[PDB]
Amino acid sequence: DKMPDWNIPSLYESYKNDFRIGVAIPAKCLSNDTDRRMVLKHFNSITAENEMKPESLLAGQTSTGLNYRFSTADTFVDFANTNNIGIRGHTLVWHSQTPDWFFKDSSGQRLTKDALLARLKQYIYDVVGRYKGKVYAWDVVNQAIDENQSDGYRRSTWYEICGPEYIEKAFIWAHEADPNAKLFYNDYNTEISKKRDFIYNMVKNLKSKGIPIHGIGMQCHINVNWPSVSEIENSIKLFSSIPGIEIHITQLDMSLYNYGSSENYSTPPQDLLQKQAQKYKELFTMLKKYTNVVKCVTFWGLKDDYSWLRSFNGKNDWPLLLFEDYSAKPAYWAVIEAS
């Protein structure tokens, strides 16, 4: 019952003078003819949804270092490179998406700070080096900020063993391994004022002291009720006040539900689909005011039944621009209208 329309306006072409338009996809899309054609019609950047995370690239360890499994990730990078589109690297440092043995030695022992930092250098050199010149942007560090901590830092194993030095060292080493990649700090809920302030100061201070961070990634996992487009704009205004910092919108999607709500729909309510469309229109009208700093906007999924949100919350959701049958949503037409 698939109903892709090959003749409607290309998303990225509609925004060609504003910013790249990207999509996160899983590996299965690369072997599906309909998915591939839809990706290349509408998007000029991709992100591997899961297949370039540390848990996906790491195969294990021995007495002398790390062992990798790159076959699937190679297919993503080759797909982008041979089809003249960019691929954003998701992600070098991300505690929850890293296996627990990574933080212990081959004898099952928890690593000292110096041993873990040495392992981090090895990982970054190996992964960024393999793809040197082929990944235009890396999310180097993801989700290091926790606004309920007094100093703002998430108390992950990275922080507990290394303190905050792991953040700046990850950027230094990534920039050594591929000097031409744009390097991002990536996070979510950047519209919570206290978190925004922690991120702003962290990145400002890194940049001041010469750390090669080039951008902030705002995930923008949002919903039809929160945050307001004005709040997203306030984040863009503050982050873009840092000289030399660009912005990518890295994982945009818009749940039809409030977070923590027990609503559960079998079919998408039309009034929420209209609220979604109007908010996507407002969002993109706002983003077009900041094309000097916002260089890429990536949607976290090709179509609604591919959304991570369905498994994550255990219910149907319709957060993206295409329906399950590949057909355009009101949201799609709103994004085209905003262009």
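Note that residue numbering begins at 1 and tracks the sequence as displayed.
- If you average the C-alpha B-factors over 264-272 and over 79-87, the higher value belongs to 264-272.
- In this entry, 99-107 has the higher mean Cα B-factor, the comparison being between 174-182 and 99-107.
- Highest CA B-factor among 139, 187, 246, 191, as stated in the entry: 191.
- Each of 218, 232, 124, 206 has a CA temperature factor in the record; the biggest one is found at 206.
- When the CA B factors of the chain's modelled residues are split into thirds, the value for residue 338 lands in the lowest one.
- The PDB entry assigns residue 93 a C-alpha temperature factor belonging to the lowest third of its chain's modelled residues.
- When the modelled residues of the chain are ordered by C-alpha B-factor, residue 134 sits in the lowest third.
- The PDB entry assigns residue 296 a C-alpha temperature factor belonging to the lowest third of its chain's modelled residues.
- Among the modelled residues of its chain, residue 67 has a C-alpha B-factor that falls in the middle third according to the deposited record.
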